[PDB]
Structures are given as C-alpha cells and as structure tokens.
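For reference, the structure is listed below as structure tokens.
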RNA sequence: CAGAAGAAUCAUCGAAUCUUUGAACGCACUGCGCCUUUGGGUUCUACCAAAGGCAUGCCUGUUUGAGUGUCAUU
RNA sequence: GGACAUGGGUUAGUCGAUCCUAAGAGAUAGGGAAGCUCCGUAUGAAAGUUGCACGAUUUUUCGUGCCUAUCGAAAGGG
RNA sequence: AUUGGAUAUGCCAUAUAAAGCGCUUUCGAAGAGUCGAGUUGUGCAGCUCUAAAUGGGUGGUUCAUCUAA
RNA sequence: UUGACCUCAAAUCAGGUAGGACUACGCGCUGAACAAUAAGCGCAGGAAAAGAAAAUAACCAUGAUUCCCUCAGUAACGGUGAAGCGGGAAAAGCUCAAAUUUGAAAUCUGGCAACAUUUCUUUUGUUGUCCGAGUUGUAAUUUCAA
Ligand SMILES: [Zn+2]
C-alpha cells in the first residue's frame, strides 16, 4: 500500500522533496483565503488515519494561523465557526513558514444520509457532539487541558457533613 | 489587464515551478514518455479495460437467470488500477508494466513509484495526464495503472511495448532524471536578472 | 349556531356563501349596537362570530385534508403539513439510522448473543 | 460550600429500586456477574482474598469456556490480568467450574432455511 | 406622531380609566 | 432627549447617538445579560411574558408529542 | 512555441506585478512627492546582533557556520521573480533574536553629525522647558443641624472640599485622641 | 346586570387559527422596492387589489460557465 | 383649575415628509484576534437587478460587437 | 388507547453463505513539526532545533510494567 | 479543431443546516482587588465530563471510567496538601489507520417510480431504475486482548 510510503515520507520534513514542496504549497496557500475549502487532503495518509474517509459528508478545510494557546486548537475553533453546520472531527499539520502555520481540519456533515446511516460515524450526529472543538473535546483540545491517564496529568474545599456525625 | 485571482494563481504557479530548483525525484515527472510510444501503450491498455458497471451487471444477471432456471469460467484479464493495489503488485513483483500519471496533484503520492519500480525490477513509464489513465479504467482519474497478465495473443505485443519503453524512456533520460530540474529562464530573463544581480551586489547589501 | 358535522357534509362554494352572508349579518348587528340595540341583538353578535369561526375552521380543515391527499406518499410535503414535535426531535437520528450496525456487530449478536440463564441456589 | 446528606435515605431506596428494576428485566438470572478471587497487591494485604474484575483468558480456557461465550453466560473477562502462579489459576478455575455446574442455560431459537 | 405613538398614547390614557361599577 | 424607545425590548433606553439600547443591547443579536445584575435578569427573563409556545410544549410532552385524531 | 509562450507569460506576470506595485505606491503622498523630485551596510539590528557575536567571540565562528545550515538557507532565492520574492521576504523571513547592545550600536550609527548640535541641544531644550513653565502657571466645615440634617450628597450652599459633623462624632474624636 | 334557553368564564386536548415585532430574513426604521400568478371596476396599453415569493454562512447534488491550469486528438 | 367624569374634534394629486446628496457613518471584499470582536469602504473581488445591441436559427448544444450597498438635511436641491 | 421485551404459532429466508473452538514445515502491518532537547511563560503553551524501531513511555534496584502522538 | 480532466466560480438552482433564549448542575477560555474564586467570553446535555491503561505497584501482585468511605491532615513541599493499597455503588465493552477484493467497488448519496409503514395522510423504510460520489480507496476482513 502507498499509505506506508506517505507516512514514512512525511517523517522527513526538511528533505529535498519535502522542503521544495513545503515552500511551493506555502506560497500557494497564501494566495488563497485564510480559511478556504480543500478539494482533497494534501496528506491523504494523515487525514485517513485521523478518521477521514473519501465519501460524501466528509469535508476538508485548510487554514493558516499566525505563529508567535495552541495554534492547532485555534485552527479548529476558527474553522468550526466558519462552517457552523458541520462537526469538527479532527485536524492535522500540513505546512508552515516564518509567519504562518497551515492546518487542515476534517469536518463531517451531520445532516447527510451517508453520515447518518454510517454506523462508524453515527456517533457524531447525536447532539452531545455539538461543537466538540469549542468544549475541548478534540484530540488537541483534550491535550491542551491535561486529559490523560497517569500521574503526569471541588472535592477539596467542600465540607461534607453527614447525618450522623 | 486585470486577471482574476485564481487565473493569476494558476499562471504564477506554472512559472514558479519553472524558476525554482525542482528536486530530481520531482523533476523526473517533467520528462514523460514520447507521443508515439504512449499511443502504442494505450492501444494494448484498451484491450484490457475493466468491464463497465453496466456490462458487469449485464453479465451477472445473465448467470443469475441460468441458476434461476437450473444449472467453470476463466480468470478475467484486465488492467490493474488503484494506488494501493498497484504498489502492492509492484512489491509482489507481479506487475509487468507500470504507467504513472505525470500530474498527480499531491505529487508525493507517486514520487516514490519510479524508485520503487526500479528497485523491484519493473519496467515503468510516466505518461501524460491523469485523465488518459482514468479514461482507460472508466474513471475520471488514475494516479497509476499496471499490467500483470495479458492473454497469450498479446504476449508478443506487450513484449514489444516493454522494449519500446525501455529504449525510449529508461535508456533515454536516465541521467536526465538524476539532475535537479528547474531554473529555466526566458530569453530576456537572465539579462534582466544579471542587471538586477549586479545592482544588488554593488551596495544594496543591508 | 351551525352544527359542524352538517357543515362538513357541504361543498366549499356553499360554505363560502354562508360565510359571506354571516359576515353581512355580523356587520349589521355591530351597526345596530353602535346605533342603539337590545338584549337579543347583543346576544346575536357572539353567536355569529363563533359561527363565522366554525365556517372558517371547516373550510380550512377541508383545504388541509385536500393537501394531505395530494402529498400522500411523496418524499417532500409542505412544512406546515409535516410533524412538529420539537426542533431537536426533528434533527435526531431516526430509529432506523440509530439501530444500524456494522456487519462485524451483526455477526457478533447472531453467534454470541446475551443468553438467558439461571443459578441454582 | 457545605455538602449535606439529607438524601442519604433517599439514595439508599433509589438503589434498592434500581436493583428491583434490574430483576424485572432479567428475572431467572442473578443481578450481579460472577467476579473472580484475587489477592491484593501489597505486603499489608496479600494474605487476604477479594473479588477481582474478570477471569483471565487462561482461566477461561482451562475451565472449558471460550472468551466469546463467557460474556453471554455472564462470566466477565479481564484481558489485563494474568496468572503468575498456579495458586491463582487453580483457585479461579474452580470458581468458574462451580458456576457452570450451578448454571441453567435456556436454549435460544435458531433460524434455519429451507435448504442447506 | 406615528401610528405607534398614537396607539401608545391611547393605551396610556386608557390605563387611568375609572373602574366599572359592576 | 438622550434615549428613545428600543424596538426590541420596548423600553425608552435606546441611545440616540450610539444607536444602542442600554437594557437589551439592540441591535446586537444577543441580549445584554450580566450575572452581577441578578435582579436585572429576573425582571425580563422567561416567564415575565405570555410564554405561549413554551406552555404548549409543556402541555404536549405528557402524551408523547403525538399527532393525528382520536377514533 | 513552448519556449515563446513561456517567455511571454513571464513578461506578463512581471509587467502586471510592476503595475500593481506602482499603483499601490501611488496611494502614498510622500512617494508621489519623491517621484516629482562590493560592500555591505549593517543597518538591520538582526545583522548587528550577529556582527557583535562574531567580533566579540562569544559565539564561535565554526558553530555559527554550522548553525547556518538550516531549513531557510536551503530555500535559495537565486533567480526568483519579483512577485514571488517580495511576498517571501515579507512573510517567510526568519525572525532572529535581538539584543539591546545591537540596538544601542545601531542608534550610535544612525546618530548624524548634526543630530544634536549647539542649537538643537539648547533652544530645543529651551522650548520644552518654557512650554512646561507655561503649563505649570496654567475643607469647609458643615454642621449636621437644621436643614442639613440627614443629608446624602453635597448640601445646599456648599462647594469644594467639605466635611460633615453632627456632635456625635465628638465622643469618637476624644476617644481617638486618647488612643 | 341585561339577555339567551348538548349548556358551561367546565374539563381534557392529538385538529386549526396565531396581528406588529424580536435570532428576525427583500431594503430601511413615517416608509421604499423587485419577481411570479390571479382578480376588480361607469370599464380595461391605464389604475388598483389579492395571493406566493426575494437575508446570510455552509454542506450534498444539479445545471451553466471561466482559465496564455494539465493534456489528448492524422 | 391644565382636576375628575362623559362625548366630540385634526379630511390635501398642488402644504410638509416621501426623492437627491453634504461632511461623516456604515455593511460587503479581504485581514486581524483565544475571544466578546477590530481594522478595512473600488481594497490585487470573476463587483453588470434583463450592462446594451446585432442575427432569415447557430452542425435546431449561442455566436459576433460595444460600454464597462445603505444610512446621513421635516432650515440645502425639488 | 399508545407502546416494550419475551413466549406460542403461521408465512418468508438471497445457506454455492457465515462463525467459535482446535492445529500449524506459512505470515503478523501498529498513528511525526509528534516524542524529545534548549529556552521563555503559566503538566500546559509559545519560540528555536528536531528523532527512533525490541523502538518509545513510566516506575524501581539489569528488572518490572505499559504501548502515546 | 473536437474532447478529457484539474482548479475556481455562478444561480430566488434540488434538498438541507447554523444563529437566539434558558444556563441550577456540566465543559472549555479568561481572570482581579482582597483565588484554577467573582466578573467577562465560548459551548452542551438530561446528565455533562471521564473512560477500556504509553495505569499502578515491588505484592501470593492488582486491572477502563465515575462516585462514596478510607488512606489523611498522612507523605511531600515549605501553612499548603495528595496519591497507591483497602471497604463499598455501578459494571460493558469496543471502533479505526497501518494488509491486494484484484477471480471482478463486493460500497454509497440523490432523482424518478412503485410498494409498504406510522404516536402520524404529519413517521420511517423497502424494492426497481437512472445520473452521480468513489480506485488520490467506498465495503467485507483485522485492532495487539490480537
Ligand atoms: Zn432594548
């Protein structure tokens, strides 16, 4: 499969191929708007493993955020507001230059029948997934608030008085 | 003249990809198979087109009627398509001829295929447009095609196509694909840039 | 007071004519009140107003049921004919969509469903 | 912020009702699954024996149950726990084997087409 | 004076109305 | 005069110069709410009006939001 | 011709950009007035921080050369068109760290010979001083009795700083004195 | 009080009506328009009225296009 | 009594508003901003309500030519 | 009336199918501007640099445990 | 010349969707003066969040999450202030990416047409057919416990 070669090819992000393409696409993304629709993912390998399937109801939106809160978290929140009728599934990193960091955000249409009839993405149509990006429930949103299992990551100041004390 | 923004982007990207220095793995796609051999390639490829969605249903309902009344065939021969399927065929050393589209949009989808095809010992060629490959397989686009088996009638035809690709694409170029591509400039561009370079190098170093 | 079941057995053109004559009767009775009326006339104002409502209800019900006949077994029907439970219910997953499973999960329940068992004490 | 326990009797009755509602749904079968026996992980507590989460994949296999039908008949499985000693293995095999001997399994309805 | 203020003034003058005797 | 009638909340708090009501925040889409104004909220919150549709939803829940006609 | 069609595209791209930069500059009043009327010059503070490091030997020259092989040095600019380079410098410019010492040194370089002569140090100081001089030249006891009893704000016929007394605070005053 | 004689200022409630606003959505904040269809009157190329429409972002599709974008075409 | 109660009273093709623009304001294009939002007003916008005209109908699949917001004045204009 | 999960029973069933367990002289993919290093802020974030494949994370006196993006 | 595709537009184009209110509980962001506090901002649900170990432990080992008791005012940090074990409530497990279906894109939205179905002429589907989406990868299979 070609998705193995893409995964190992995206690891070397300053090699001759990956440095030439990074500048060419960074200039190209700068010509377009800050938030513009992406017809297809620029990294089909990364979008695939983050939940994206090449069917109807899955959307890709490319956004650049100024460098210098996490930039990835800002990318999802600005895109989700821009496309308010979709659900922010996940997001990834595509490019960067001295001023901007470029991200691609995978969204899902909860009113599409190919989404509502898909047992593997039905979970996002329930109203409790309204604006996951806004409530810190995405992959980067979970990390930015320390959600995890281990020691690395109101019961204190309350006085609990029982009936028989 | 005021071009629209998207038209300006289109033409600037064309010039920008020329002035820059394109790496050898990305510049080898600028040098495609010649027009004569590509015609002969697609002649053989159009004898092995996968059967249409209607023609397949037409065959299946024909066999469905036979069992509905009361009731063994041959292995289908066609062209192999799909990036993951073709890459798996090359690594299996089953592909006899790989035809890579020259303008796959994220170029890294096919950037490793010439090297992978040369590593495994597979004759390969880079042909023009993703749409010609798509036309063969009844799609809008094929990033890559591959031939693994042909009928005994066309065994001699494929052996001639493979030799032509070897003589006209692999024996040719070869060193030309090991060189960084780009840097191409117009007739008057170097003179303008030479004046700009000497002016900048004089005292405009800040 | 006009009996509604009698009204429902008549055609719309007859209903329209009665509505026109009922509106004339209501207009005259209002004129008599502002010019000086009596106890009977004031009692006839509300009865006529309620009867005009009855005529309009029957005409409206007949019109809607006619629309429902035309749009029966259509994919799309007028918005005021559709359901109105709550905005959230109309947007929720349908029971068919909710109950959809993968082929993996269908095979699991077909071969290893939750059994009915018992422990002898 | 002061937490009060005036609903302590209300909570106790609500759980007893919830247990009763479970038994209404599933009557011939126990309202709790069978937990294994394990030894707590400390020098202070390793003499004792308490209830674990589930029976390891080796405890199920030794008893004769497969890991697929175990959940069906009410036997929880713990893919994480393992048997570092024969004492823990033989103890939980008999816990299952007693369970299987005391268990009544009602037959299901099997669909079978006209032909094979 | 628009229609709105004419109706507002009328209702303002309708608030300070003597109670009916029944 | 420095304030006129606000079209949204009907209070004479629409500032002439800033073209903004001091009570509700018109023409902003969101109404002006401030938790330090606890009494300000209870003066114009839900229930201070007809509440005609909410009373209809409350009444229609018991039977399951059903429709149709009886036998 | 593939070459000729290529050449005219570069000419059109170059010419249209120059028109854009021209009419973009024409919006400046000062620029319009201006048109009506090997070495290196260290003028950027970034270069001065670097130049200070080489001379002061704080950062080794060999380490500086190795640190110069980065993602940005391999993005060569040799021969690129102006419409591309102009945005690249504006956007894709690595922001190197900046030291106050280089800022002072640049100010020293920018200090012209006639920046602070006798007049610009005496009368310019004088105008500020005399301006500041012209800028510089530019409580009532009330007893809570009669109509003043039970007030909440400024009372009638009282202006400026004022204090209120009711003869009940006299007890607190004596206690405070004894404290 | 008067008056009326399946009553009711009844209950329940699954069918309807629901004026002007307001997230408020043709544009404005007394008004000013456009589009489709129907209708009237001493009365018809004029005038009038009525009904149904016309906000923004985005998603899927449809149709119509643009490109000195990538090509093919004896 | 400018109070209270009960009724009455303001009639426009020609008078004003309605129309136009003023300084300015202001949405749209784009760009910021964690953000409530801010900058921005022909700005690198594909900026035309049926922009306009031409044609025995053009391989009965449209060719040729031309030209290229809104608010803000009951004292201004009409 | 409106419904829920069962039971009994009728009809239909696309089974040339699908699954568990057991055996191997055959194989076994595992998430990157991420981890991390440096530094500046309040584990988290910014900036600079930027990986690995019995590798990597976390514990303990070589071992144990876990398998992130 | 004719036509494929890529990208980008347009429509009062076919069907959808978002906004505002409430805000006790819930999740984010921001944040003072004297406190992961108040205020301010964003976003949900009937619960939310968390959740099937890149978890503890040093034992004869434990085994997703949540909550309670306890650990314990303990260890540590220098007044602040946990967690492992232990007792209990409730228990349920799993889905993907990375594999060639290659002896057959086996997948799916929409239009039209019949056919059923309904808390319901208001709901929800099925069957047929056609255009499309999709090979730059939709199904079946597999998720390390394998
Ligand atoms: Zn208001």
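Counting only residues that are in a helix (DSSP H, G or I) and surrounded by 12 or more Cβ atoms within 10 Å (Cβ to Cβ), which one in the stretch B:174-189 is nearest to the chain's Cα centre (by Cα)?
For the stretch B:174-189, the residue satisfying everything is B:177.
So, in the stretch A:84-124, of the ones that are in a helix (DSSP H, G or I) and in contact with a strand residue (DSSP E or B) (Cβ under 8 Å, 6 or more places away or on another chain), which residue ends up nearest to residue A:55 (Cα to Cα)?
If we take residues in the stretch A:84-124 being in a helix (DSSP H, G or I) and in contact with a strand residue (DSSP E or B) (Cβ under 8 Å, 6 or more places away or on another chain), then A:115 is nearest to residue A:55 (Cα to Cα).
Among the residues that make up the stretch F:48-63, is at least one of them within 16 Å of RNA strand J (Cβ to nearest atom) and surrounded by 10 or more Cβ atoms within 10 Å (Cβ to Cβ)?
yes
Can you tell me which residue in the stretch C:38-89 is nearest to the ligand (Cβ to nearest atom), limited to those that are within 14 Å of chain F (Cβ to nearest Cβ) and assigned to a loop (DSSP other than H, G, I, E, B)?
Out of the qualifying residues, it is C:86.
So that you can scan it fast, the table gives a plain yes or no per residue for (1) surrounded by 11 or more Cβ atoms within 10 Å (Cβ to Cβ); (2) more than 16 Å from RNA strand K (Cβ to nearest atom):
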| site | (1), (2) |
| --- | --- |
| C:3 | no, yes |
| C:25 | yes, yes |
| C:54 | yes, yes |
| C:62 | yes, no |
| C:76 | no, no |
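Of these, A:7, A:76, which one is within 16 Å of RNA strand H (Cβ to nearest atom) and not in a loop (DSSP other than H, G, I, E, B)?
Exactly one of A:7, A:76 is within 16 Å of RNA strand H (Cβ to nearest atom) and not in a loop (DSSP other than H, G, I, E, B), namely A:76.
Do you know which residues across the stretch A:27-49 are more than 25 Å from residue B:13 (Cβ to Cβ) and either surrounded by fewer than 14 Cβ atoms within 10 Å (Cβ to Cβ) or in contact with a strand residue (DSSP E or B) (Cβ under 9 Å, 6 or more places away or on another chain) (or both)?
Selection gives A:49 alone.
Right, residue C:86: more than 12 Å from RNA strand H (Cβ to nearest atom) and under 27 Å from residue F:54 (Cα atoms) or not?
Taking the combined requirement at face value, the residue satisfies it.
Determine whether residue A:54 is near RNA strand K (Cβ under 8 Å from one of its atoms), more than 21 Å from residue A:8 (Cα to Cα) and in contact with a helix residue (DSSP H, G or I) (Cβ under 9 Å, 6 or more places away or on another chain).
Judged against the criteria, residue A:54 is a match.
Taking into account only those residues within the stretch A:50-69 that are farther than 24 Å from residue A:28 by Cβ and loosely packed, with under 13 Cβ neighbours inside 10 Å, which is farthest from the ligand (Cβ to nearest atom)?
Filtering the stretch A:50-69 for residues that are farther than 24 Å from residue A:28 by Cβ and loosely packed, with under 13 Cβ neighbours inside 10 Å, the one farthest from the ligand (Cβ to nearest atom) comes out as A:55.
When you look at residue F:39, is it away from chain C (no Cβ under 14 Å), more than 9 Å from RNA strand K (Cβ to nearest atom) and assigned to a helix (DSSP H, G or I), yes or no?
Yes; evaluated as a whole, the condition is true for this residue.
Looking for whichever is within 13 Å of the chain's Cα centre (by Cα), within 10 Å of RNA strand K (Cβ to nearest atom) and part of a helix (DSSP H, G or I) here; the options are A:81, A:62, A:48. Which one fits?
Going through A:81, A:62, A:48 in turn, just one is within 13 Å of the chain's Cα centre (by Cα), within 10 Å of RNA strand K (Cβ to nearest atom) and part of a helix (DSSP H, G or I): A:48.
Which ones in the stretch A:10-40 are more than 8 Å from chain B (Cβ to nearest Cβ) and within 16 Å of RNA strand H (Cβ to nearest atom)?
Scanning the stretch A:10-40 gives A:25, A:33, A:34, A:35, A:36, A:37, A:38, A:39.
Within the stretch A:20-56, can you find the residues that are near RNA strand J (Cβ under 8 Å from one of its atoms) and closer than 30 Å to residue B:3 by Cα?
Of everything in the stretch A:20-56, nothing turns out to be near RNA strand J (Cβ under 8 Å from one of its atoms) and closer than 30 Å to residue B:3 by Cα.
Is there a residue in the stretch A:105-127 that is over 26 Å from residue C:87 (Cα atoms) and away from the ligand (no atom under 16 Å from the Cβ)?
yes
Name the pairs: first residue in the stretch F:1-30 and on the phi > 0 side of the Ramachandran plot, second residue within 10 Å of the ligand (Cβ to nearest atom) and in a loop (DSSP other than H, G, I, E, B), Cβ to Cβ under 7 Å, at least 6 apart or on different chains?
F:25/F:31; F:25/F:32
Evaluate the following for residue D:101: is it closer than 18 Å to residue D:29 by Cα, at the interface with chain C (Cβ under 10 Å from one of its Cβ atoms) and touching a helix residue (DSSP H, G or I) at 6+ places or on another chain (Cβ under 6 Å)?
no
Within the stretch G:20-37, can you find the residues that are within 12 Å of chain B (Cβ to nearest Cβ) and farther than 14 Å from residue B:8 by Cα?
G:23 - this is the single residue of the stretch G:20-37 that is within 12 Å of chain B (Cβ to nearest Cβ) and farther than 14 Å from residue B:8 by Cα.
When you scan the stretch B:1-72 for helices (runs of 4 or more DSSP H) that lie fully inside it, which ones turn up with 2 or more residues that are away from chain A (no Cβ under 14 Å) and in contact with a helix residue (DSSP H, G or I) (Cβ under 7 Å, 6 or more places away or on another chain)?
Here the list reads B:35-45.
Could you please let me know if residue G:142 is assigned to a loop (DSSP other than H, G, I, E, B), surrounded by 10 or more Cβ atoms within 10 Å (Cβ to Cβ) and in contact with a strand residue (DSSP E or B) (Cβ under 7 Å, 6 or more places away or on another chain)?
no
Return the total of residues in the stretch C:96-113 being in a helix (DSSP H, G or I) and surrounded by 11 or more Cβ atoms within 10 Å (Cβ to Cβ).
Qualifying residue count for the region: 6.
For residues that are in contact with a helix residue (DSSP H, G or I) (Cβ under 9 Å, 6 or more places away or on another chain) and at the interface with chain A (Cβ under 10 Å from one of its Cβ atoms), scanning just the stretch G:67-82, find the one that is surrounded by the fewest Cβ atoms within 10 Å (Cβ to Cβ).
Looking at the filtered set, the residue picked out is G:74.
Mind checking which helices (runs of 4 or more DSSP H) fall wholly inside the stretch G:1-117 and carry at least 2 residues that are away from the ligand (no atom under 16 Å from the Cβ), more than 21 Å from the chain's Cα centre (by Cα) and within 23 Å of residue A:25 (Cβ to Cβ)?
G:2-25, G:82-91
Being assigned to a loop (DSSP other than H, G, I, E, B), within 20 Å of residue E:5 (Cα to Cα) and within 8 Å of the ligand (Cβ to nearest atom) is the filter here, so list the residues in the stretch F:1-25 that pass it.
F:6, F:7, F:8, F:9, F:10, F:11, F:13
For a quick check of your reading of the model, give me the residue pairs whose first member lies in the stretch G:38-62 and is within 11 Å of chain B (Cβ to nearest Cβ), whose second is in a loop (DSSP other than H, G, I, E, B), with beta-carbon atoms closer than 7 Å and at least 6 apart or on different chains.
G:39/B:205; G:40/B:205; G:41/B:205; G:41/B:206; G:43/B:206; G:44/B:206; G:46/G:96; G:46/G:98
None of the figures in this text is laboratory data; all of them are computed from the coordinates on show. Neighbour counts run over all protein chains shown; Cβ positions are idealised from the backbone, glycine included.
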